[PDB]
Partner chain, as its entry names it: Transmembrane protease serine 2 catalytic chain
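There is one chain below, alone, in structure tokens, taken in the form solved without its partner chain.
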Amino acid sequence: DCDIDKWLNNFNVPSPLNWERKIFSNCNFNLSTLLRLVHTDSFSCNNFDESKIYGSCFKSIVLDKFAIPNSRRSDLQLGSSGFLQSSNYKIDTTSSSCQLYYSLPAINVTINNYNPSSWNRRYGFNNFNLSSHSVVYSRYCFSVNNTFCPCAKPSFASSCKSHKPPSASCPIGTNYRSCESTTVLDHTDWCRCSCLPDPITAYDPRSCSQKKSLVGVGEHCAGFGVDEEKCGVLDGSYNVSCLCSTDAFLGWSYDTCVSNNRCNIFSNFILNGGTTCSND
């Protein structure tokens, strides 16, 4: 009694940004029933015969589910490299898996928009101020070290005459934003800082502390890039904590999951290897 269909039909549905995983084992299931208790649009298998599911046993079955943005369903085609499959949830191509596309009535479905990135939350990310059925996905993912801090040192900023950066105190153990004082003709304290104008379109990606990255199999987005010109305050001090504003967080967007008054949801079934038998 795996009860996969109840999990799939749970009206608390994650956005691609924070897809959820559940493992079903030491239980029985029936695929024919499973695909009837959920409004299935499509079901197909990759490097695995669908017809061989019936009567077979697996070591375990692992399901990863999330809401699908109206505009990006095609991004979930295997081998694609857009946003959903590269910055949110990568679909494996070497494991035996089946992809289930189904929908739940919009009037009941609630989307859980949550940013799983600890370094974003650490520096001021809170929540998403979005309407119902809005599904958040990442467009670019950035990784940082455990010493990352987006604010300039108050002592440095205090000496700037031109392009004076935002500054604030940083958590113990981290380093301050990398900046230097230059001269551009008769300009003498012209402050030059990294990740300009921003980590996504930065003119020099090597000078920035925020590295782009893609998500591999079984892992979430590293985090949203931060506009380090919006973190901390101008003419700041050690009496203020390095916190970023809400519009400092870049590289993300959202769409709605609504068609015929239903929310489209993706669920990837991973067949591993047992006792997890389909006695259908």
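Residue numbers count along the first chain shown, from 1.
Keep in mind the form solved in complex with its partner chain is missing from the figure; the text below concerns it.
Enquirer: Select, from the options 99 to 107, 124 to 132, 167 to 175, 73 to 81, the stretch whose residues sit within 4.5 angstroms of its partner chain in the bound PDB entry by heavy atom distance.
Expert: Checking each option against the 4.5 Å cut-off leaves 73 to 81.
Enquirer: Using heavy atoms only and a 4.5 Å cut-off, determine which of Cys57, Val240, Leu214, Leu35 is in contact with its partner chain in the bound PDB entry.
Expert: By the 4.5 Å criterion, the partner-contacting residue is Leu214.
Enquirer: Can any non-hydrogen atom of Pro205 be found within 4.5 angstroms of its partner chain in the bound PDB entry?
Expert: Because a heavy atom of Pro205 falls inside 4.5 Å of its partner chain in the bound PDB entry, the answer is yes.
Enquirer: Using a 4.5 Å cut-off on heavy atoms, what residues in 88 to 111 are near its partner chain in the bound PDB entry?
Expert: Contacting residue: only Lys90.
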